[PDB]
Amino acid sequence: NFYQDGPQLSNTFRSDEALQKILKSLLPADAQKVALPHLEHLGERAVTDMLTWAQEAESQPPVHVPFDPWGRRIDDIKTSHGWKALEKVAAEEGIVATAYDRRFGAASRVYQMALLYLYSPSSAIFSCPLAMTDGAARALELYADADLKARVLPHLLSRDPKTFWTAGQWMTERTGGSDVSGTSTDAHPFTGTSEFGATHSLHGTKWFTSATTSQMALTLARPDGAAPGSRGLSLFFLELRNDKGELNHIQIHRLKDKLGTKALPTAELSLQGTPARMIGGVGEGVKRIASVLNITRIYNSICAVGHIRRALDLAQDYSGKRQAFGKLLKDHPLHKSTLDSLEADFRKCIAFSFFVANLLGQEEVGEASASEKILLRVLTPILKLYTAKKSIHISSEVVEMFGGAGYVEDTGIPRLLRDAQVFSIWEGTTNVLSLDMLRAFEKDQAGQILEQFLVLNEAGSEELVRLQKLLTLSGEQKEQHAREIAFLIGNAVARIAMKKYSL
């Protein structure tokens, strides 16, 4: 009898006209002759060996083994081979390292984000460890002494799987993740020896972490006698293991059982005298880790848009295979209209994301003006919250486009919704990032810089005037309308970027 043909993917570089148009606009000729063959290669991996490895990892979530059979506390995390293979891919394909090889100026970061864009949707969210890894590298690059950099950066930026390290960012505690002022981890002076010049020992509990699959982490802690709240916090570097391969006074409580990102180990950890090294000076921890957030927020946006592209690729292919009421779905005007609406949102998201990625590249190579640095600071929280909300909306619509099959896990479709929902939570909720945006307006004339940019780049008169109205509201009402303001700006910049890239 009848069996429905399921959705199939095709090379995700060649299938993505929007990505190609953007790169033709943002990459100079010399970058293109390196980057484009690499991207076509990665696009093939994304739908072949990576796709298989990601499915394996999703199907075999990590398992915590606290004790060996004779009672020794080992806190092992067992992972799938697929998960380990995707880590090796991240190293050898230079998914992080490409940004730090600045041959192509601002285009180095654009090239790297393009690699991430293809890699992430077939990575079972290994792209999240990559974001934290990239962030840690930059933080060390900016603030760490020469000896610490010489030790760690060759690992984080390695193209060699056998020497590649990932980093964790352990910022969230039970008191809060949005607000870290309640951080209860203490840092006592330490005078023992260590391989990285530890200065303190850490004591506390970290409530969401990427567990023990990372070799290093950055974290916040409060030194003996330091002030209460955020001002008392310093940034610390630590390595998870010693020479032995033994955990450095770190205990794993358990893995979280999550809605999605199931292949990613997310653990609750206790630091029990973990040796650590302060990065920067006392009380500057929050500000120091602040200057990395443009990276992690932009990784999140690019991953969210890659996720959107994956969901739509599956939906588009199915729409040309499933018939109802005598027609293929793609030929039903209402279905086609729905598809078109989602694709239009996709084009906004990818243009907005790469516009901002290019600004990040400019800043990293020292080409950004003072005002441009402020503009980047304003746009990244907006980009993040905008692409994340769109990714959830689009994923939910795609689940429904598959009908009953979309609700059944072995089709691979429910994962689209479960994983998308993370994008609007980690690294800031919609509302927290909307307030970060509003806050930014208050300082360094950020509001005016944003307005000059929108006027110069010919944002719509209607949206310009509506923005001016919203920004004249009371403090209280601007907070109440902070989402509206963020999405107004996001849509305006997305349209500007689309025109710029001829999308």
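Position 1 is the first residue in the sequence shown; the rest follow in order.
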When the Cα temperature factors in the entry are averaged, is it 141 to 149 or 415 to 423 that ends up higher?
141 to 149
Can you tell me which stretch has the higher mean Cα B-factor, 270 to 278 or 404 to 412?
270 to 278
Highest Cα B-factor in the deposition, which of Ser396, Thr212, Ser341, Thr380?
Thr212
From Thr52, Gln477, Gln445, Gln60, can you pick the one with the highest C-alpha B factor in the entry?
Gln445
For the chain shown, is the CA B-factor of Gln452 in the lowest, middle or highest third of its modelled residues?
middle
Lowest, middle or highest third: where is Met437 by Cα B-factor in its chain?
lowest
Among all modelled residues of this chain, ranked by Cα B factor, put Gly168 in the bottom, middle or top third, i.e. lowest, middle or highest.
middle
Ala35: CA B-factor among chain residues, third -> highest
Among all modelled residues of this chain, ranked by Cα B factor, put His249 in the bottom, middle or top third, i.e. lowest, middle or highest.
highest
